[PDB]
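>>> requesting a structural model of the entry that follows:
(chains A, B, C, D, E, F, G, H, I, J, K, L, M, N, O, P, Q, R and S)
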Amino acid sequence: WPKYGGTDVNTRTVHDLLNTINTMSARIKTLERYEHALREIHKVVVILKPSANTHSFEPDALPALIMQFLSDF
Amino acid sequence: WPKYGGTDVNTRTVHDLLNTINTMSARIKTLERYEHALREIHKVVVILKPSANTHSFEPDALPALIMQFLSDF
Amino acid sequence: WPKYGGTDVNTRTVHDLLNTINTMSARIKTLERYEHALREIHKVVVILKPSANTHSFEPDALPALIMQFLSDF
Amino acid sequence: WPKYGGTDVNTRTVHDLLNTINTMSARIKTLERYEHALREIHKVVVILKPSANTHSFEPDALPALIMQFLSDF
Amino acid sequence: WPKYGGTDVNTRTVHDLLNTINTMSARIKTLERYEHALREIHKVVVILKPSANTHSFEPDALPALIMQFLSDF
Amino acid sequence: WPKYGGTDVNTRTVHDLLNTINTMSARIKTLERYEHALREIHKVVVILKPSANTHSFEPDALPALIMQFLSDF
Amino acid sequence: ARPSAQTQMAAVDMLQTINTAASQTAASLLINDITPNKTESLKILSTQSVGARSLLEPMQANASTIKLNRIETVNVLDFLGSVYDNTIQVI
Amino acid sequence: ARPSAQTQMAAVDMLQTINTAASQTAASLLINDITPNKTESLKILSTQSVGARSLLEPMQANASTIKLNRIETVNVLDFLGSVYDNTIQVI
Amino acid sequence: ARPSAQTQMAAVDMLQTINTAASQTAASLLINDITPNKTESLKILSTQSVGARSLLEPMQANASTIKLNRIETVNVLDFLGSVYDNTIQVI
Amino acid sequence: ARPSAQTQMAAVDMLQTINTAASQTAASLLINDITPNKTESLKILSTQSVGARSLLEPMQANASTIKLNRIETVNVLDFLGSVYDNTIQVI
Amino acid sequence: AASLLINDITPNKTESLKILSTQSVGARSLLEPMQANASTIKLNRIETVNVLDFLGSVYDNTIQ
Amino acid sequence: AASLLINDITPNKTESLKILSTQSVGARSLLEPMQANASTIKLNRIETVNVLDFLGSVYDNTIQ
Amino acid sequence: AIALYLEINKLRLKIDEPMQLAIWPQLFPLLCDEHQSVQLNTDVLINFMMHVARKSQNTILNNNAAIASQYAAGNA
Amino acid sequence: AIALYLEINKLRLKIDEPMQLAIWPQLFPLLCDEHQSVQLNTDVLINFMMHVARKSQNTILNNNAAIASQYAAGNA
Amino acid sequence: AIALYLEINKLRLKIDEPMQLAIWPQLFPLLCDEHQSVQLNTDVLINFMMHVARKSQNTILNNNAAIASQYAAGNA
Amino acid sequence: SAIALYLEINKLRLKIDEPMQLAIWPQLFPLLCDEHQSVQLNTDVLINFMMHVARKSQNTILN
Amino acid sequence: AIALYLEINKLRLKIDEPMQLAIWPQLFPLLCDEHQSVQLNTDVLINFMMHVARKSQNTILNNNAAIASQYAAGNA
Amino acid sequence: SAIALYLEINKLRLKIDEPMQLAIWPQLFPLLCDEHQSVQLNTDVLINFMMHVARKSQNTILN
Amino acid sequence: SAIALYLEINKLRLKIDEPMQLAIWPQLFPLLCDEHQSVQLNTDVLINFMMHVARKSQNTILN
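Residues are numbered from 1 along each chain as shown, chains lettered A, B, ... in the order given. Below is the structure:
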């Protein structure tokens, strides 16, 4: 067969790589959906208390920001 | 050349597929944090106010759940 | 030439079909955001005022659901 | 067979491309329907509070605009 | 060379896999303390305030359980 | 066969090493998830009593810190 | 055993999409060339056919008549044959 | 027995991903080279093809015309052939 | 009979781990050597290859050009061949 | 029919234990010898190998260079071979 | 038959007979120096490339 | 036949006949000293490497 | 002249089987060596181009319609 | 000159089967020894490069689309 | 000189099949005894090293991806 | 093109002389080194090389 | 001298198949009777020892990992 | 390259003389020691070594 | 039309001389270069080329 690096190039190789790409693309779409949801949640938090929440969007702090908003009230 | 369903496959095809896999893997690794934060926020809503859509994970409903949840307090 | 059901097929036929696929793919990628936003709005209506058509997604009913929902408050 | 690029031109190739185009065209119609629904929702929001909602249509902000309208009242 | 599903395997492949195993083993040994502490915190919540999600271990819910649990007292 | 150290290099050896790596990678992901949960719990504890809990994050003391917070009140 | 209505309308959707794609053929390019002389379409097509160039030069000059010889006429006729066969690929 | 809608849309997602990957080909590199002369793309490609170098030198000079001989023309034609075949691997 | 989604994502986790392991190859060592001349990577690799030493000495000197003879050039080429084959084991 | 997760993690526990045991090899003893010259490890190993003694004597002297003859070099090479084969049993 | 078989059986010291018969289908300036009974041949890069290609092709197959 | 069989049967004391016949396909400066009937041969590192490679190859197979 | 005649025949088969367009007898003079060139009215050539173009586009769209109908039929 | 002719033929098969691009007769002079060099307009060479590049990228993307469609088909 | 030629061929097969890198004709002089040494620009040698290194690392990572995909496939 | 000459040398090498032990390869090497020159070789050497290719081809023919 | 050569070969097979460590040509002089002794830099010998030691320990740990993996496999 | 000479000595060793009992190995060793020199050996010794390789190869041929 | 002459040369090439080693191809090339000219060739060369086509066709006929 033709070869790329250490991998034989044939129908089965392409099929396997395509299966991996299929599942991984679905996963990427789901995760992008999650990012969009977090952005929407952030905007909700912003409109609730815009006097402090208009600093910058940060996924890893938004849960803590929501918990803080609860802590204040 | 080998063929996939009647489309020619060469070494560049496999090379491109493998580069795609690696790039997508890096993207997925980056994106996992978004799932973790989204699920944390979901559980905040579920625990503090058990009701309705708190009984099923739904990324498209959670921003409105935040709206309701945080506006009530 | 090869035929499809009795209509001649040439290389330009396949070329045009593939260009169609790629253009449509770009259009679909652009349009997905509209589905995401529409479903977010649907869930806003469902969560804040559970009733009737809130129990089934229906893009042609949701604008009237917004009319009702937002006019009530 | 005749060939376009790396793809053989024959009945089966055209049939497969046509199946893909069929599904993708249906998807495009559904997504265009969603865009139309968002436009109608935007017009509803506009007639409810035209003093501020007559700026410009933007699918990615309309959910947040509805949530804001709720926030005001 | 030997092959794995059509990808060449050499001594460096096995060497890299074994180095991966050892490095991951060290990482796992380090990380076990985190599981132990998390489960201790979970049991604190379960014992002092039996309710709801205290009846099922869930690392993504436990931070919100702490929020509720510690804010109540 | 080719050999690395004392291990024969062949399909089965790679397959076994890959199985071990698979399980161990899953374990590492679960433990990293636990670490993230402990970090979130720590931030909750911090926002509850920031006058003393803003020293430094330490997984092995966080359970005791929570128990102390209970002891104070 | 006629196809269902949904099958036929799915074919119709396919047809509308494919015709929207077909809007980019050389024949179309010539058709929608609003310039009094087909200057823009022939400028685009001059990268694909010699006859397009031969027609192009005088039509830019806004000549009331165009003199063609045997070779130029053959090239122009082949250009129109290609326009019919849809062998020109407008990029 | 046509594939389900979900199968086709999964293929579509694969296609979008793979085309995003394809955005890095040499042909693409040439296409998105906004410089009036393809100086940046040819600098990148000069590490992969002799014809890229031969084109590169005069185009940096901003020459209105470029003199090529038999050998340089052969190299340039091979460069374009490689661009078509996608045998150049831009790193 | 395609593998399940969980199987594919488990393979993805394996891939990420194994690539993190692969970050320690000689090729990587050369790539992430931020020094203007590859002095640090060649110091590390001089314990594994003669060509690394031959390149190393002048590059530390910050020479604008490096004179190589037949033997040194052969050693350098073998060094690069080893970098490609990943036969150098960086400790 | 892959082994269960519990089986693999039991193997991992075994591996960690066995590697903790392996920490006492002669190669390890050499590795963790923080002395600028490997004086302590070579004192320990001089009870197991002649080459260890031959290296030991001058390194205690803090000699900048060590003169070895054919016999001493053979003994040192055999010492390193034993370190690799893990035939030295450190007690 | 074979081109190189003809080369072998050619009795001429220079073998200009076979060189002529094969140059009618292969690009070999060789013919002129060898027919001229020259002691040496001036070979440049381009002609050398043709020599190498010719020798390979006759090694495989250039039967006329 | 075999290259080393030819070496054995060669009756010449220096065996320069076989050395010549095999040097046309193997890099051996040996030919010159041995044809010259020299008593000794000056061998440097590089030529020694060729000698060793030649001897190995003829041990296995260099039949012409 | 043979090449011109045959190319006219080809475009004839594609565009106008009965050769009723005015362009044909206006191009015929080029078959005679003496008539090295022919002065044609720009408008006539443009109209001939548009005839070819519109007929071609209609044929393309109709072929697409036939393909769609056969796809609906299934047995294709 | 033979090498130039054959390489032109190769790039022809890849890019322009009917050889309608203006570059071809401008490169033809190099087939004559006397014409050691040809002065070409930089813009023409750039446009030829862009033609090759755009055609190539379209072919690559279309091959990817064909592969995706066949993957959806399954029997590939 | 034979050893240098063959080693160039080996690294060629590994890195650059068409030998388009500038380093190759700059190293060619060493095949002539008279050219005992060649002065090369440090930047050129560094760039050649980086080409080799980046290509190698990409190949390694892609082989790892292929192994992962085949593991997901199972039948390997 | 020096690159072309090198690649053609390798192509012929693969079929005539894998290890490149013939003197003609060193004799031809200078063409890869400097531009605008040529290598003067003996007609004896070149015709002997041609018969060498002939003998290799004859061995292939027999096989 | 034969014993030294063969012992070098043994340690070569174990530690450095291509013999790229600097120690090898520094030890080579001992193969000549005239060179009864060689002055080596203490740092070089220590570094060679550390190379051997680290490679050995890595091999030992990797063999342990292989044994653990095979134990998990069961069929060993 | 002294390393290359050593490795070639080992390669030939594996097939001609496993234990390296021939005097020619000590005679050749100096080339591995100092640079820019050569070893002058008797034509008797070298041709005897060549016939020794010939005899080893003949024994292999018989087997 | 120079393009037509080139394409016809390629068409005949595919059947008479794949590698284009006949001198007649260089002899004909000038027609592709400059306009309003001709190439004067020997009747010996042209008739020899015609018999060459004849021999190629005869080989095809036999096959």
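>>> neighbours around residue G:34, how many?
Per other C-beta atoms under 10 Å in any protein chain shown, the neighbour tally for residue G:34 reads 8. For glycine as for every other residue, the C-beta is placed from the backbone atoms N, C-alpha and C.
>>> er, residue A:68 I mean
Quick note: residue A:68 (other C-beta under 10 Å) scores 18 neighbours.
>>> got a list of what it touches?
residue F:47 (C-beta atoms under 8 Å, 6 or more residues apart in numbering or on different chains).
>>> host element of it?
Secondary structure from DSSP states H and E places residue A:68 in helix A:62-72.
>>> contacts only, for residue A:43.
Residue A:43 makes contact with B:63, D:64, D:67, according to C-beta under 8 Å, 6+ apart.
>>> does stretch G:29-43 reach chain M?
Yes - part of stretch G:29-43 sits near chain M under the criterion C-beta under 8 Å from any C-beta of the partner chain, namely G:30, G:31, G:37, G:38.
>>> distance between the ends of that stretch?
Stretch G:29-43 has an end-to-end distance of 11 Å (criterion: C-alpha to C-alpha, to the nearest Å).
>>> which outside residues touch it?
So stretch G:29-43 is contacted by G:26, G:44-45, G:52-53, G:55-56, G:59-60, G:62, G:83, G:90, M:42, M:46, M:49-50, M:53-54, M:57 (C-beta under 8 Å, 6+ apart).
>>> now stretch A:48-56
Against stretch A:48-56 from outside (C-beta under 8 Å, 6+ apart): A:42, A:45, A:46, A:65, A:69, A:72, B:70, B:71, D:71.
>>> just to check, the first one is in contact with residue A:62?
Pointing back at residue A:42 there. Yes - in this structure residue A:42 lies within contact range of residue A:62 using C-beta atoms under 8 Å: 5.5 Å.
>>> do you have the helices of the chain handy? List them.
As the question left the chain open, I've gone with chain A. A:11-48, A:50-53, A:62-72 (DSSP state H).
>>> hmm, I had chain M in mind actually
With DSSP H applied, chain M shows helices at M:2-15, M:23-27, M:42-73, listed in chain order.
>>> out of these, which gets nearest to residue O:10?
Minimum separation from residue O:10 across the helices of chain M (C-beta to C-beta) falls at helix M:42-73, 53.4 Å.
>>> quick check, the closest one touching chain G?
Yes - applying C-beta under 8 Å from any C-beta, one finds that helix M:42-73 is in contact with chain G at M:42, M:45-46, M:48-50, M:52-57, M:59-61, M:64-65, M:67-69, M:71-73.
>>> where does chain A get nearest to chain Q, residue-wise?
Nearest to chain Q, among the residues of chain A, is residue A:6, at 20.4 Å (C-beta to the nearest C-beta).
>>> just give me the neighbour total for residue A:72.
Counted with other C-beta under 10 Å, residue A:72 comes out at 9.
>>> now the nearest residue to it once chain neighbours are set aside: how far from residue A:65?
When the adjacent residues along the chain are set aside, residue A:72 lies closest to residue A:49, with 7.9 Å between them (C-beta to C-beta, 6 or more residues apart in numbering or on different chains). Distance of residue A:49 to residue A:65, given as C-beta to C-beta, to the nearest Å: 9 Å.
>>> and residue G:59, by the same measure?
From residue G:59 across to residue A:65, the span is 67 Å (C-beta to C-beta).
>>> with residue A:25 instead?
With C-beta to C-beta as the criterion, residue A:25 and residue A:65 are 31 Å apart.
>>> how about the helices of chain M, which one is nearest residue B:32?
In terms of C-beta to C-beta, the element of these nearest to residue B:32 is helix M:42-73, at 42.1 Å.
>>> how far away from the center of its chain is the closest one?
Distance of helix M:42-73 from its chain centroid, counting by C-alpha atoms, centre = their mean, to the nearest Å, is 11 Å.
>>> could you check that helix and say which residues are buried?
M:42, M:45-46, M:48-49, M:52-53, M:55-57, M:60-61, M:63-72 (16 or more other C-beta atoms under 10 Å in any protein chain shown).
>>> just stretch A:56-73 next, same as before
A:59, A:62, A:63, A:64, A:65, A:66, A:67, A:68, A:69, A:70.
>>> widest-spaced pair of these?
A:59 and A:70 (18.4 Å).
>>> tell me the contacts of residue M:59?
Taking C-beta under 8 Å, 6+ apart, one finds residue G:84 in contact with residue M:59.
>>> about what we covered before: how near is the residue nearest to residue A:72 to residue C:47?
20 Å.
>>> spatially central residue in the chain, please.
You didn't pick a chain, so chain A it is. In chain A, the residue lying closest to the centroid (C-alpha atoms, centre = their mean) is residue A:31, at 3.4 Å.
>>> looking at chain M here, not the other one
Nearest residue to the geometric centre of chain M (C-alpha atoms, centre = their mean): residue M:15, 3.3 Å.
>>> measure it to chain P for me?
Applying C-beta to the nearest C-beta, to the nearest Å, one obtains 49 Å for the distance of residue M:15 from chain P.
>>> report whether the expected contact of that residue with residue M:51 is present.
Yes - using C-beta under 8 Å, residue M:15 is in contact with residue M:51, at 7.0 Å.
>>> now do the shared contacts for those two.
Among the neighbours of residue M:15, those also in contact with residue M:51 (C-beta under 8 Å, 6+ apart) are residue M:21.
>>> longest helix in chain G, please.
Per DSSP H, chain G has its longest helix at helix G:5-22.
>>> residue 28: what's it in contact with?
Here I'm looking at chain A. Counted by C-beta under 8 Å, 6+ apart, residue A:28 has contacts B:24, B:27, B:28, B:31, H:17.
>>> hmm, I had chain G in mind actually
G:22, M:53, M:57.
>>> apart from its chain neighbours, what residue comes closest to the last one?
The shortest distance from residue M:57 to any non-neighbouring residue, by C-beta to C-beta, 6+ apart, is to residue G:27 (4.3 Å).
>>> could you do the first one as well?
Ranked by C-beta to C-beta, 6+ apart and with sequence neighbours excluded, the top spatial neighbour of residue G:22 is residue M:60, at 5.5 Å.
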